[PDB]
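Below, each value reflects all heavy atoms present in this structure, side chains not excepted, and no hydrogens, waters or symmetry copies. Counting starts at 1 for both ligands and their atoms, in listed order. Starting from 1, each residue takes its place in the sequence as its number.
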Amino acid sequence: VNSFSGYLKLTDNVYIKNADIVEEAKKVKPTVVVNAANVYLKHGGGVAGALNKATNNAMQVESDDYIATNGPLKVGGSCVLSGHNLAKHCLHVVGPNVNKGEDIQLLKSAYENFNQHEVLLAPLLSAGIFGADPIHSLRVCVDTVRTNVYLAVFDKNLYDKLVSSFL
Ligand SMILES: O=C(O)Cc1n[nH]c(=O)c2ccccc12
């Protein structure tokens, strides 16, 4: 048993809810929240800017030190950093950004990072301002992630479409 509430079960291991991931993280304090990161860990908008804003910019300060030491992530890669006031850990995952011309095949590689964590709260990768089709992102998630993932869908309209089109 875990603390996640109100999710619709899609598969053995994937659950979905219409929710603000920031508000959900604050309520649950999950072991792992996933950020929709870029390779520079520049958290300006969408999930990264909303998560970062909720940490009062502490996520950005920590991220800038990580990049100064390690250099940028890979598209499809990840790093584990603090979850600050939102979670124990934040798994920063870089999905391909269609609005930068990145290979959508890298979306599967991105989701494979989730398999290193038994339970995660996460947004759809490469969705929103990263420009991918969220229906596709959900399919890749279901077909790639084997650990228990609780997906927070921001748009109620999109949530309803994801549910109603799910095979
Ligand atoms: O949650 C959603 O409704 C779609 C979605 N998935 N992932 C994102 O990163 C993102 C960012 C902004 C706006 C919507 C998104």
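- Remark: side-chain polar atoms of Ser78 are not paired, donor with acceptor, to backbone N or O of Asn113 under 3.5 angstrom.
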List the atom pairs, donor and acceptor, that lie under 3.5 Å between side-chain atoms in residues 93-101 and the rest of the protein, sequence neighbours left out.
residue : atom : partner : partner atom : Å
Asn97   : OD1  : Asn99   : N            : 2.8
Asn99   : ND2  : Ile129  : O            : 2.9

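- Listed by first and then second residue, the ring pair (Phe, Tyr, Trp, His ring centres under 6.0 Å) pairs that reach into residues 32-83 are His43-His92, sequence neighbours excluded.
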Can you give me a line-by-line list of nitrogen or oxygen pairs between ligand 1 and the protein shorter than 3.5 Å?
residue  : atom  : partner : partner atom : Å
ligand 1 : 1 (O) : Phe154  : N            : 2.7
ligand 1 : 3 (O) : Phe154  : N            : 3.2
ligand 1 : 3 (O) : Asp155  : N            : 2.9
ligand 1 : 6 (N) : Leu124  : O            : 3.4
ligand 1 : 7 (N) : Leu124  : O            : 2.6

Take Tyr150 and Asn2 through the side-chain hydrogen bond (donor to acceptor under 3.5 Å, both in side chains) test and state the conclusion after the steps. CA-CA 11 Å; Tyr150 288 85; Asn2 68 50; 2.9 Å; yes
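- For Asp155, there are no salt bridge (charged side-chain N to carboxylate O under 4.0 Å, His left out) partners at least two apart in sequence or on another chain.
- By the 4.5 Å heavy-atom criterion applied to side chains, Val153 and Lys17 are not counted as neighbours.
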